[PDB]
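This is the structure I have questions about; it appears just below.
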Amino acid sequence: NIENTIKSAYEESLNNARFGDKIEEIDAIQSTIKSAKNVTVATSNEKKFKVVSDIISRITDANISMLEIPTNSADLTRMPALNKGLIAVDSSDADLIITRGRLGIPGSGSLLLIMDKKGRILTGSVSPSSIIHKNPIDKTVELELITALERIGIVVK
Amino acid sequence: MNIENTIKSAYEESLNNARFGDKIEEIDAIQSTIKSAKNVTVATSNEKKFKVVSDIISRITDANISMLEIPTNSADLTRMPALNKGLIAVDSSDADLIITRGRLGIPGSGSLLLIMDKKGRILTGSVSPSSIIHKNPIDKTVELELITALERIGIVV
């Protein structure tokens, strides 16, 4: 479980022995994602929700839901994607939260995060502002999610 | 013109949920901030990584470029290590621009590179997989991360 991998990693960083990631840490992240029973997507856009739900449904046996609470208030924070995720974390009992929003300030493009029930960040990906790169939003969200999963060893084809 | 302005303007739209897309001004402010930096801190004391970053950054700004001598290992016991490493540089120096790279989230979540300004605001960034997932020379990983982070706000290296 990630509590365990986190506790062990914390103890070793202090030892100045943190010399790379471990397969156990990846395995724990994969397990957390695949075993999720209730997944919340921090969006109210039905088109983005469908893109996310269709992918996540292939790797979980979960109830997947949109977040009912609007999340635009997070756009007045330093890390909007993150804070949208925390709204879902703090107001529901989702096992897994998928959030997408601005990375940082206006113009900084998008960040997608997969977070666990405590708001811990498991994986993520970024995409450019639409000013910089024109792309259908559904293809953008799809690539973000597939990328975030691939980089912790989950391949969806 | 500047990031305070674009931020104030974007926040005002967001209060209405009337924020529908990014603006060219926002990208312009980010580029101007990067290009006009007087002092850049790279949040590392590894000279090989510093050279990779410096060689790229020196071509887009006339800033003094410096390493961070304060070790950053402590940030690995935080929820967002790359971010908190960056904030060490923000809070302990008078850098205009901070380039930081470190863990995205929990152990196993791979790496996040961020470009932050003098207040710790996030201008752009990029992610790379854990070495467990993708084996790769560290300096070419950092090079790709930095180029990607620059290109997504319209700076071509």
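Every chain is numbered from 1 and lettered A, B, ... according to where its sequence line falls, protein lines coming before strand lines.
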Against chain B, label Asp27(A) side chain, backbone, both or neither, depending on which of its atoms sit under 4.5 Å from a heavy atom there.
->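 It is neither, since no heavy atom gets under 4.5 Å.
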How many angstroms lie between atom CG of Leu103(A) and atom CG of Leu114(B), to the nearest 0.5 angstrom?
->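 Spacing of CG (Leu103(A)) from CG (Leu114(B)) equals 6.5 Å.
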Mind ranking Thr124(B), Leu77(B), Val127(B) by heavy-atom pairs under 4.5 Å with chain A and telling me who comes out on top?
->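 Max contact count across the listed options: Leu77(B).
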Is it true that atom CD of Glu47(B) has more than 12 heavy atoms of other residues, nucleotides or ligands lying nearer than 6.0 Å?
->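 Not buried by this count: 12 neighbours or fewer within 6.0 Å.
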Same cluster or not: are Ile70(B) and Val42(B) linked, directly or through other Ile, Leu, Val, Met, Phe, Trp or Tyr residues, by side-chain heavy atoms under 4.5 angstrom apart?
->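 Not linked; separate clusters.
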Distance from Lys23(B) atom NZ to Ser130(A) atom OG, nearest 0.5 Å?
->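 The NZ atom of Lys23(B) sits 12.5 Å away from the OG atom of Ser130(A).
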Hydrophobic cluster identity match, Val39(A) and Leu86(A), side-chain contacts under 4.5 Å =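 Looking at the clustering, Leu86(A) is in a separate group from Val39(A).
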For chain B, the option from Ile6(A), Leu111(A), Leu122(A), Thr147(A) that forms the most heavy-atom pairs under 4.5 Å |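 Heavy-atom pairs under 4.5 Å are most numerous for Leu122(A).
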Report, as yes or no, whether the 6.0 Å neighbourhood of atom CG on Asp93(A) holds more than 12 heavy atoms from other residues, nucleotides or ligands.
->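 At most 12 heavy atoms, drawn from other residues, nucleotides or ligands, come within 6.0 Å of this atom.
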Which atoms of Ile132(B) approach chain A - backbone, side chain, both or neither, heavy atom under 4.5 Å |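 Answer is side chain: those atoms of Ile132(B) sit under 4.5 Å from chain A.
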Does one hydrophobic cluster hold both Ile65(B) and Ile147(B), with members joined at side-chain heavy-atom distances below 4.5 Å?
->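 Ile65(B) clusters together with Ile147(B).
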Is the number of heavy atoms from other residues, nucleotides or ligands under 6.0 Å of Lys134(A) NZ greater than 12?
->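 Above 12, so yes.
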For the student: nearest non-hydrogen atoms of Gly108(B) and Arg18(A), plus distance |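 So the two residues come closest at N-NH2, 4.3 Å.
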How long is the span from the OG atom in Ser109(B) to the CD1 atom in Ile26(A), to the nearest 0.5 Å?
->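 Answer rounded to 0.5 Å: 8.0 Å.
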Chain A contact via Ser128(B) - which portion, at a heavy-atom distance below 4.5 Å |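 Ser128(B) touches chain A through backbone heavy atoms alone.
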If you measure from CG on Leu14(A) to CG on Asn73(B), what distance do you get to the nearest 0.5 Å?
->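 Here the interatomic distance stands at 7.5 Å.
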Using non-hydrogen atoms only, which part of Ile132(A) is less than 4.5 Å away from chain B: side chain, backbone, both, or neither?
->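 For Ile132(A), side-chain heavy atoms alone lie under 4.5 Å from chain B.
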Distance, nearest 0.5 Å, that separates OG of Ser129(A) from CD1 of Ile153(B) =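 So the gap between those two atoms works out to 10.5 Å.
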Measure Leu83(B) against the heavy atoms of chain A and call it side chain, backbone, both or neither at under 4.5 Å.
->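 The side chain, not the backbone.
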Heavy-atom distance under 4.5 Å to chain A: side chain of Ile122(B), backbone, both or neither?
->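 Both the backbone and the side chain of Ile122(B) come within 4.5 Å of chain A.
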What do you reckon, is CG of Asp62(B) surrounded by more than 12 foreign heavy atoms closer than 6.0 Å?
->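 12 or below, so no.
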So what's closer than 4.5 Å to chain A heavy atoms on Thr33(B): side chain, backbone, both or neither?
->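 No part of it gets close to chain A.
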Using the rule that two of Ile, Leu, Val, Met, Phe, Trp, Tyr join whenever any of their side-chain heavy atoms come within less than 4.5 Å, decide whether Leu112(A) and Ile87(A) are in one cluster.
->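 In one cluster with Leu112(A): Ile87(A), no.
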How long is the span from the CD1 atom in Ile105(A) to the CZ atom in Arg121(B), to the nearest 0.5 Å?
->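 Those atoms lie 6.5 Å apart.
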Chain B contact via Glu24(A) - which portion, at a heavy-atom distance below 4.5 Å =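 Neither part.
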Check whether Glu13(B) gets within reach of chain A through its side chain, its backbone, both or neither, counting any heavy atom under 4.5 Å.
->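 Neither part; nothing is under 4.5 Å.
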Toward chain A, the part of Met80(B) with a non-hydrogen atom under 4.5 Å |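 Contact with chain A involves the side chain of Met80(B) alone.
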Return the option, out of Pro106(A), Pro128(A), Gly124(A), with the maximum number of heavy-atom pairs under 4.5 Å with chain B.
->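 Greatest number of close heavy-atom pairs with chain B: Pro106(A).
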May I ask you to test the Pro70(A)-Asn17(B) pair for a side-chain heavy-atom distance under 4.5 Å?
->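 The answer is no, as the side chains (C-beta and beyond) never meet within the 4.5 Å cut-off.
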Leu68(B)-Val52(B) co-clustered via ILVMFWY side chain contacts under 4.5 Å =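 They do not share one cluster, since no chain of ILVMFWY contacts under 4.5 Å joins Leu68(B) to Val52(B).
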With a 4.5 angstrom heavy-atom cut-off, could you sort out which part of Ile29(A) is near chain B: side chain, backbone, both or neither?
->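 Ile29(A) touches chain B through side-chain heavy atoms alone.
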Region of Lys119(B) in contact with chain A, defined by heavy-atom distances below 4.5 Å |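 Backbone plus side chain of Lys119(B), per the 4.5 Å heavy-atom cut-off to chain A.
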With a 4.5 angstrom heavy-atom cut-off, could you sort out which part of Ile115(B) is near chain A: side chain, backbone, both or neither?
->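 No part of it gets close to chain A.
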Given that the side chain runs from C-beta out, which part of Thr77(A) has a heavy atom under 4.5 Å from chain B: side chain, backbone, both or neither?
->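 The answer is the backbone of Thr77(A).
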